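Participant: Here's a structure for you.
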Amino acid sequence: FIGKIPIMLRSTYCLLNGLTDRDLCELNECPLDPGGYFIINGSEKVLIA
Amino acid sequence: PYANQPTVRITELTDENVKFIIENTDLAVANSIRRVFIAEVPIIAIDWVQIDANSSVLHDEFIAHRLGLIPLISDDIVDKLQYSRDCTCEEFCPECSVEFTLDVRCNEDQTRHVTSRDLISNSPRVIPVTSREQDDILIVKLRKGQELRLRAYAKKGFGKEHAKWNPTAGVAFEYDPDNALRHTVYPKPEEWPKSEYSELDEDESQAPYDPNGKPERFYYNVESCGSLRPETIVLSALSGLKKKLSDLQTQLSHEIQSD
Amino acid sequence: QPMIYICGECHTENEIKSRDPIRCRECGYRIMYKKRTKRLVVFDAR
Amino acid sequence: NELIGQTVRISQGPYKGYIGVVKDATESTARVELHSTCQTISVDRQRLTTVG
Amino acid sequence: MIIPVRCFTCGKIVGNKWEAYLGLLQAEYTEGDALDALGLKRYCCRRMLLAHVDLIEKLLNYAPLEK
Amino acid sequence: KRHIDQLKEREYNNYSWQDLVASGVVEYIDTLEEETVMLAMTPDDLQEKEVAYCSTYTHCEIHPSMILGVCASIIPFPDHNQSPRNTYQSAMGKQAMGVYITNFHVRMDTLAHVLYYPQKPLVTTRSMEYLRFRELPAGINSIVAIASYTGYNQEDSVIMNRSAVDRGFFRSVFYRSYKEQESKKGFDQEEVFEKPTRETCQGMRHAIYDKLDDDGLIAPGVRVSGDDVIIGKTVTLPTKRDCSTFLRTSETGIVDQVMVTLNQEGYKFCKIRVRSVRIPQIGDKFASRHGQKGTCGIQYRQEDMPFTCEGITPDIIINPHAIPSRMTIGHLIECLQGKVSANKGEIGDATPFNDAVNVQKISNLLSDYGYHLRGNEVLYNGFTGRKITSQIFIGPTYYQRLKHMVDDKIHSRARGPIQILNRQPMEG
Amino acid sequence: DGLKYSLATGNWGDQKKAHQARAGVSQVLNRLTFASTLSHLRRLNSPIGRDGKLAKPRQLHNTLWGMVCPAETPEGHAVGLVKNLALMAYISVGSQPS
Amino acid sequence: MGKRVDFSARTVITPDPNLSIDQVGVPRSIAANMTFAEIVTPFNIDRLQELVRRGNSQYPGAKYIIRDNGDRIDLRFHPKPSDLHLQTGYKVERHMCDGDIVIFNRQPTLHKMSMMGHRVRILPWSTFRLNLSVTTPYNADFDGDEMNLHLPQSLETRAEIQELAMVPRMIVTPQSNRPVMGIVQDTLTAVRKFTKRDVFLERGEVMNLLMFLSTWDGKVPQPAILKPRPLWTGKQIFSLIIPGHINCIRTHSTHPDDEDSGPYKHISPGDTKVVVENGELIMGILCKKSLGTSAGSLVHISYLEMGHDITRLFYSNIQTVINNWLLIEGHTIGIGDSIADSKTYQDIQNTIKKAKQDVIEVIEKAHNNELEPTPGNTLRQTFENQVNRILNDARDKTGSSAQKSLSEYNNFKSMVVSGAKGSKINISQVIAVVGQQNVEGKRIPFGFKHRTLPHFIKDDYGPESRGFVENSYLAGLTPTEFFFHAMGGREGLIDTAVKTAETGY
Amino acid sequence: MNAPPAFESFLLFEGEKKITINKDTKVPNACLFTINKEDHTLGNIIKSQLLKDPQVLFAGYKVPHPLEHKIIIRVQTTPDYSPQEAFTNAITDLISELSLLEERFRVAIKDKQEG
RNA sequence: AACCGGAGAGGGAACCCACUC
Ligand SMILES: [Mg+2]
Ligand SMILES: [Zn+2]
Ligand SMILES: [Zn+2]
Ligand SMILES: [Zn+2]
């Protein structure tokens with residue numbers, strides 16, 4: 001165990017990857033949400049290019 | 001120095017709207033009648049809402065707002081009611097309000113449409129506008145497991161307070177369809193389409209100017225929201241304006257005789 | 001006294017005590033929404 | 001004061017039918033925060049009725 | 001969200017026309033035909049049905065907090 | 001044609017954009033390679049036998065309107081406006097209140113604004129479909145009259161219909177959430193949620209604590225106001241001193257929901273969301289999709305507003321003097337096209353650089369529905385009833401309500417709190 | 001804890017040298033409207049000092065054609081420095097030249 | 001040198017044309033917060049003793065009572081009936097009330113006409129409301145601007161603000177000996193249309209307008225036309241607005257220069273010489289040049305000859321009576337006002353084509369070494385100068401043609417002629433031609449190697465290839481012209497931000 | 001929080017008077033009438049009826065501020081005729097005019113239904 | 001048969017976003 005890396009939503013390693021719209025609605029997630037942001041201490045962060 | 005004699009003739013009478021014409025009266029009187037139609041005809045709408053449970057997806061004020069806009073058939077009760085501010089009764093009584101109840105729970109797996117039919121009134125006469133194939137006003141949609149219960153009270157008010165007490169849907173008002181007084185000036189009269197009430201051949205664009213004319217033949221089309229009959233809206237408006245002027249007359253007479 | 005809460009996952013109404021570690025007795029979950037108040041609420045329809 | 005913090009109903013005047021919470025009360029009048037609107041007004045004790 | 005009860009400008013009751021409007025759009029009435037099939041002549045009332053978006057259906061897709 | 005035919009049936013043949021790239025039809029070009037390429041703005045209009053300009057075109061553009069961004073792709077007719085107005089609209093589109101996400105009820109977030117009745121624009125560009133704007137829209141198709149009515153709209157202000165607002169026009173709701181985390185931070189010192197008692201607690205505000213439950217939290221559905229206890233938290237005094245959280249002064253809302261859990265440290269944790277309905281009032285900042293911002297100046301009832309022959313009274317009146325300095329012609333064209341679309345039943349198309357639509361065509365279409373071909377109408381004075389001598393430009397336009405309300409800016413002071421270093425009044 | 005700090009405060013670098021590290025990266029996602037959320041996820045920042053009197057970097061260059069939106073920039077002190085991305089623009093991810 | 005201060009407020013501003021230039025409307029919430037300390041005296045002991053009795057609950061009440069000791073009794077937390085009694089030495093901190101003097105400013109204070117005094121009037125909703133003529137000094141906009149208000153806390157400083165910094169006392173600036181306030185926005189336009197020769201008012205419309213004159217003696221003037229029916233005139237009523245016996249001579253914006261030389265000098269066919277004599281408007285059309293902030297305007301002479309009080313009433317009366325007439329007249333702008341006669345479109349197209357051909361043949365001469373450099377200039381400089389000359393001439397000619405095509409009823413012309421908003425170039429840009437986009441004075445530079453965009457041939461110096469926009473804002477811009485126009489607007493937007501850091505320093 | 005109640009536009013408080021009469025000192029036989037809690041609906045019809053009187057030298061109305069709810073009516077009459085009786089005569093003629101209109105309207109509506 | 005009020009704590013540093021010009 002080296003550590004834990006914060007992971008980006010809807011990325012290939014997020015739990016929401018590949019889910020269908022019905023599944024997302026089951027998880028109280030918006031299908032229209034594009035993801036691409038991190039969750040840290042329960043707050044969204046966006047890496048500005 | 002005296003009142004002129006006006007005349008009325010109705011060109012269309014329906015359960016939905018009245019269209020009529022007034023002759024031999026001032027522009028100000030016509031405009032004031034048009035004004036009282038919208039603002040100062042008393043009507044009944046639900047104003048007090050107490051929510052006992054609400055598991056829907058719309059918040060309590062959103063449902064209470066939508067409830068306020070539901071028209072209620074108040075044709076003869078509204079005359080015999082009293083304003084809640086004027087009733088000597090300490091709490092709600094049948095002579096100053098009308099009570100409504102709504103208890104709907106969705107249990108089956110189909111989406112439940114809570115509509116105006118679900119509002120259970122206390123009086124057999126004061127009910128929603130869907131009294132007598134068409135659907136009914138949709139309040140909210142409930143998923144399985146959600147419910148809402150609420151108790152409401154309807155009072156008498158006019159448009160001046162809130163738009164929910166507005167009896168009329170659309171008050172079309174016109175006078176002088178062909179520009180004879182020329183209160184409006186068309187830079188290019190050709191481009192302007194003829195009015196419904198205009199009386200001109202296809203060639204002529206506007207009537208010739210006459211300097212001696214005055215506005216007469218006011219055309220009205222009063223379309224009801226469904227709470228009051230279109231024909232009784234006008235009678236109530238005329239009675240209300242006359243009563244308003246009478247109260248001012250009494251207060252001025254009292255003031256002068258005391259002065 | 002009883003103060004029933006609603007579980008966040010299975011939405012079961014259940015009772016949990018003062019400083020008791022927040023659990024749902026049926027499931028491995030720890031987010032608990034409160035219950036709507038019992039006192040009168042009155043709104044204007046404006 | 002006893003009345004402060006007690007839910008009250010307005011039973012007289014134009015505000016009739018409104019519920020509220022007495023924020024500050026005196027022996028002559030009381031400040032009532034209304035439930036329906038986002039405003040706190042002042043109403044005499046005679047129009048108030050304790051509920052609950 | 002949900003269909004408004006009354007037209008903002010006119011005040012005509014438009015809250016009961018949404019389900020009928022959708023039903024007529026299923027039957028290859030066009031919007032220009034379905035709207036005046038329901039008795040909406042003023043463009044102020046017509047824009048309500050024409051431009052309304054119904055998000056209440058997406059909200060109902062989510063499971064209720066209670067049961 | 002075969003590529004378009006395959007793509008048009010894409011749901012059944014899974015023929016996607018990647019296959020189009022693999023076919024050798026399209027290419028990815030960056031700036032370095034764009035220096036040495038010969039582009040064509042439109043294939044039909046620039047690759048033909050004519051007076052030869054270039055005979056060696058190398059690439060062609062899919063559509064010029066793709067040079068815009070996300071916020072700049074919601075402006076109808078952006079090529080009929082002065083470029084600074086487009087920039088102002090791009091900035092102001094980020095502040096228009098709408099439904100920001102579908103699951104906004106399960107989301108405990110500070111500073112959420114949602115509109116009651118959002119509408120998709122009557123006049124739309126073709127690129128709004130890919131932004132899902134029609135699924136999460138941010139404004140209302142109102143009826144605007146560009147007239148100088150009573151002088152309350154003069155410098156960049158707007159007059160509004162009070163009756164329209166009474167019917168839910170631009171009404172919204174505002175959610176604010178508060179978080180509290182009781183923390184065991186000392187040798188004796190433990191924070192704990194409870195109802196503070198007047199005999200036990202050391203020093204507390206004048207606010208009534210009766211709204212709290214025995215848990216130290218309010219039940220959802222309880223009216224709250226400024227200087228009210230939201231969470232009753234006390235710390236033991238080595239009797240006890242409270243650190244209760246009060247409602248933000250003048251926030252003046254209704255408790256929406258209360259969530260209790262454990263943080264990652266195992267301590268109790270509470271989040272409280274509070275509603276407040278915001279009805280538009282004078283001073284609230286509104287805007288159009290062309291950079292025509294402005295506050296509400298006054299609100300007249302339906303009876304007071306000018307009306308057409310038909311009882312149509314504009315929802316918003318804006319002053320004509322805003323146009324000739326700003327040169328937002330796109331605003332006028334949108335209004336005309338919006339009237340056509342509301343009457344026709346179609347949804348107007350306002351893509352930039354679309355050569356198939358212009359003012360003349362829209363005017364001819366509008367002439368068929370019994371209106372003046374240039375959008376002018378004859379309005380009647382609301383007070384006197386006499387018809388206005390001039391004709392008034394009127395029609396449906398898409399307005400946005402910005403988040404800059406007036407109740408969030410007004411404040412005064414008269415000997416309140418003082419700083420600690422130099423004894424001057426605080427800031428903020 | 002180091003990654004969490006750098007993505008929570010925005011200071012890109014070691015905590016011990018927080019003044020030396022450039023700030024402003026990893027801002028709080030804007031969640032006012034869907035357009036605001038979409039725009040915030042597609043934003044380029046020039047790491048040049050603000051409040052500078054050199055206006056050449058702030059000007060709209062010809063090479064922004066079809067890759068950076070010309071209309072969309074903040075109108076405050078960061079005019080022409082913070083810029084949004086075109087609709088069909090794609091940023092290369094890189095690959096081995098072997 | 002600067003510090004936070006007490007007894008100050010700040011909120012959004014909104015217009016109100018029913019206030020005087022020396023009044024400001026404030027919300028009750030702000031008024032009920034801010035207090036002023038009145039010293040008790042046998043004159044006001046009864047008024048203050050009722051005010052203290054009302055308390056902090058009711059708006060017209062008191063918050064604190066300061067005693068001779070400096071002891072500060074707070075009324076908002078259960079005051080005893082014993083210490084509500086007050087003596088002649090005490091001070092009572094009452095709520096701000098109608099007529100109080102306040103200082104008002106907009107935060108970018110650049111000159112002394114930014115911090116001026118006002119009289120408080122209490123109004124129902126949450127915004128500061130100030131009269132529209134006071135907007136010009138503050139540089140306010142009502143587009144979301146915030147302004148802040150300071151309340152004088154003592155009697156000495158109150159009197160000093162009243163006697164030195166009142167608005168009506170600040171009408172003329174010592175910066176350029178011109179008035180600072182003037183008629184502006186839709187009164188200016190409505191005045192030009194109201195005072196034209198062919199404006200006639202029936203009896204009822206006159207009686208309504210006179211109802212809005214504060215300085216009227218209750219004497220209906222003899223109508224300019226008696227018998228066919230009584231008709232008044234716009235000038236005949238505007239004369240009643242003008243105070244005292246003022247005498248000045250001004251020329252309208254559209255006054256031809258040759259009119260004075262020939263006949264009809266004192267009987268103007270165009271109604272374009274303003275002549276006010278013995279406080280009565282005899283002839284002419286009032287425009288920005290007559291009621292604006294220019295030196296020698298009718299308000300400037302009114303302030304110089306009469307007191308500031310009379311000039312204050314003059315401002316208020318103009319706005320009220322003209323705004324009430326615009327209810328009848330009405331004034332708008334639409335898509336019909338930006339359209340031309342199809343004749344003018346063909347003329348504009350021919351002019352553009354001729355100019356474009358002229359640039360092409362200049363390029364041909366330059367390529368064949370047939371262009372002789374201007375003395376003192378280089379071959380590149382003279383080529384650039386010649387091209388710019390041709391394009392500027394084309395734009396001016398097209399603008400003049402569009403101006404001539406405009407009719408009398410056009411609303412763009414109505415706003416430009418009166419000077420209320422817009423200029424003569426905005427009309428040409430909307431209708432005829434947007435023009436040439438410039439970056440740093442020069443044309444659009446070659447930002448890709450030897451060309452402006454990848455859509456153009458290398459070394460293309462033509463008007464289209466370097467930024468000339470031959471379309472109007474009514475006809476829309478081509479995509480290349482759209483991008484070039486964005487490049488032009490970006491330059492001005494940048495300078496706005498850069499300039500301030502230098503000007504303020 | 002500063003929004004006035006909706007019923008503020010038509011309800012009289014305790015102590016307020018509906019109509020107040022003030023004599024005008026500038027010119028003879030002039031008077032000013034202040035009506036509380038009224039709007040154009042009443043001022044306009046009263047003014048138009050007054051303008052029909054041959055013995056009325058001046059009649060006008062105004063609302064001092066839209067946010068306030070008050071009307072001011074100025075009436076000047078020739079010297080043989082008080083403004084107060086001119087005002088009451090206009091009211092009592094307008095009332096009669098409206099009553100006649102209502103009666104004719106109801107008769108016409110009855111005749112429209114199978115007539 | 002017999003008194004029975006009552007407060008005082010939130011500060012600074014840094015960063016970002018936005019607004020009016
Ligand atoms: Mg401004
Ligand atoms: Zn009763
Ligand atoms: Zn569970
Ligand atoms: Zn409508």
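Residue names in the structure tokens use chain letters A, B, ... in the order shown, residue numbers from 1 in each chain, and ligand numbers from 1 in the order shown.
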Could you list, as a PDB file with C-alpha atoms (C1' of nucleotides), in the first residue's frame, the residues of chain J having an atom within 8 Å of chain F when counting only C-alpha atoms (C1' of nucleotides)?

Facilitator:
```
ATOM      1  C1'   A J   7     -26.097  36.743  28.296  1.00  0.00           C
ATOM      2  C1'   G J   8     -21.429  37.994  24.615  1.00  0.00           C
ATOM      3  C1'   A J   9     -18.577  34.549  21.238  1.00  0.00           C
ATOM      4  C1'   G J  11     -10.059  36.882  14.612  1.00  0.00           C
TER       5        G J  11
END
```

Participant: At a cut-off of 7 Å, which residues of chain E touch chain A? Count only C-alpha atoms and give the answer as a list in words.

Facilitator: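 Taking only C-alpha atoms into account, residues 61, 62 and 63 of chain E sit within 7 Å of chain A.
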
Participant: Counting only C-alpha atoms (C1' of nucleotides), what are the residues of chain G within 8 Å of chain J, and for each of them which pair of atoms is the nearest and at what distance in Å, to one decimal? Sort the table by chain and rising number, as a tab-separated table.

Facilitator:
```
residue	atom	partner	partner_atom	distance
G:9	CA	J:15	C1'	7.6
G:10	CA	J:15	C1'	7.8
G:23	CA	J:15	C1'	6.9
G:24	CA	J:16	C1'	6.1
G:27	CA	J:16	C1'	6.7
```

Participant: Residues contacting ligand 3 - anything with an atom at most 9 Å away, using only C-alpha atoms (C1' of nucleotides) and all ligand atoms - can you give me those as a list in words?

Facilitator: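 The neighbouring residues of ligand 3 are, in order, residues 6, 7, 8, 9, 10, 11, 12, 13, 14, 23, 24, 25, 26, 27, 28, 29, 30, 31 and 32 of chain C.
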
Participant: Store the residues picked out above in a file with N, CA and C atoms, as an mmCIF file, in the first residue's frame.

Facilitator:
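The resulting selection-v6.cif:
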```
data_model
loop_
_atom_site.group_PDB
_atom_site.id
_atom_site.type_symbol
_atom_site.label_atom_id
_atom_site.label_comp_id
_atom_site.auth_asym_id
_atom_site.auth_seq_id
_atom_site.Cartn_x
_atom_site.Cartn_y
_atom_site.Cartn_z
ATOM 1 N N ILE C 6 -35.148 8.217 8.795
ATOM 2 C CA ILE C 6 -35.258 7.483 7.539
ATOM 3 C C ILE C 6 -33.853 7.165 7.026
ATOM 4 N N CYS C 7 -33.586 5.887 6.754
ATOM 5 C CA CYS C 7 -32.320 5.449 6.183
ATOM 6 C C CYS C 7 -32.156 5.996 4.772
ATOM 7 N N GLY C 8 -30.899 6.239 4.392
ATOM 8 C CA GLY C 8 -30.623 6.795 3.080
ATOM 9 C C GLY C 8 -30.640 5.796 1.943
ATOM 10 N N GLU C 9 -30.373 4.522 2.221
ATOM 11 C CA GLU C 9 -30.257 3.535 1.150
ATOM 12 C C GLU C 9 -31.579 2.815 0.900
ATOM 13 N N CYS C 10 -32.094 2.114 1.903
ATOM 14 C CA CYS C 10 -33.328 1.354 1.755
ATOM 15 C C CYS C 10 -34.555 2.143 2.184
ATOM 16 N N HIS C 11 -34.373 3.359 2.688
ATOM 17 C CA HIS C 11 -35.496 4.221 3.039
ATOM 18 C C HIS C 11 -36.403 3.517 4.041
ATOM 19 N N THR C 12 -35.841 2.813 5.030
ATOM 20 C CA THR C 12 -36.620 2.288 6.168
ATOM 21 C C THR C 12 -36.652 3.282 7.325
ATOM 22 N N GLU C 13 -37.866 3.616 7.788
ATOM 23 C CA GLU C 13 -38.099 4.318 9.044
ATOM 24 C C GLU C 13 -37.635 3.471 10.236
ATOM 25 N N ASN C 14 -36.735 3.996 11.070
ATOM 26 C CA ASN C 14 -36.214 3.279 12.236
ATOM 27 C C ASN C 14 -35.801 4.222 13.377
ATOM 28 N N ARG C 23 -26.457 3.768 12.430
ATOM 29 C CA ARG C 23 -26.554 2.526 11.650
ATOM 30 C C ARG C 23 -27.974 2.377 11.155
ATOM 31 N N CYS C 24 -28.149 1.624 10.080
ATOM 32 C CA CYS C 24 -29.456 1.095 9.725
ATOM 33 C C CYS C 24 -29.426 -0.395 10.029
ATOM 34 N N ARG C 25 -30.355 -0.882 10.855
ATOM 35 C CA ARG C 25 -30.240 -2.227 11.444
ATOM 36 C C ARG C 25 -30.315 -3.341 10.395
ATOM 37 N N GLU C 26 -30.938 -3.061 9.255
ATOM 38 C CA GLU C 26 -31.038 -3.939 8.088
ATOM 39 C C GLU C 26 -29.857 -3.865 7.099
ATOM 40 N N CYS C 27 -28.989 -2.842 7.141
ATOM 41 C CA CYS C 27 -27.980 -2.631 6.085
ATOM 42 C C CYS C 27 -26.714 -1.875 6.540
ATOM 43 N N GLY C 28 -25.620 -2.002 5.789
ATOM 44 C CA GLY C 28 -24.331 -1.423 6.085
ATOM 45 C C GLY C 28 -24.197 0.064 5.764
ATOM 46 N N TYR C 29 -25.111 0.900 6.253
ATOM 47 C CA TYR C 29 -25.243 2.304 5.855
ATOM 48 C C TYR C 29 -25.535 3.260 7.007
ATOM 49 N N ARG C 30 -25.140 4.522 6.810
ATOM 50 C CA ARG C 30 -24.838 5.478 7.865
ATOM 51 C C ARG C 30 -25.287 6.897 7.549
ATOM 52 N N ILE C 31 -26.103 7.096 6.517
ATOM 53 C CA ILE C 31 -26.668 8.399 6.189
ATOM 54 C C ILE C 31 -28.150 8.345 6.526
ATOM 55 N N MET C 32 -28.597 9.226 7.415
ATOM 56 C CA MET C 32 -29.931 9.172 8.008
ATOM 57 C C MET C 32 -30.598 10.537 7.896
#
```

Participant: Could you write out as a PyMOL selection string the residues of chain B within 8 Å of chain I, counting only C-alpha atoms?

Facilitator: chain B and resi 1-10+13+26+28-29+32+35-36+160-162+231+235+238-239+242+245-246+248-249+251-253+255-256

Participant: As a list in words, please: the residues near residue 21 of chain G (cut-off 9 Å, only C-alpha atoms (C1' of nucleotides), same-chain neighbours under 5 positions excluded).

Facilitator: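 Everything that qualifies: residues 11, 12, 13, 14 and 15 of chain G.
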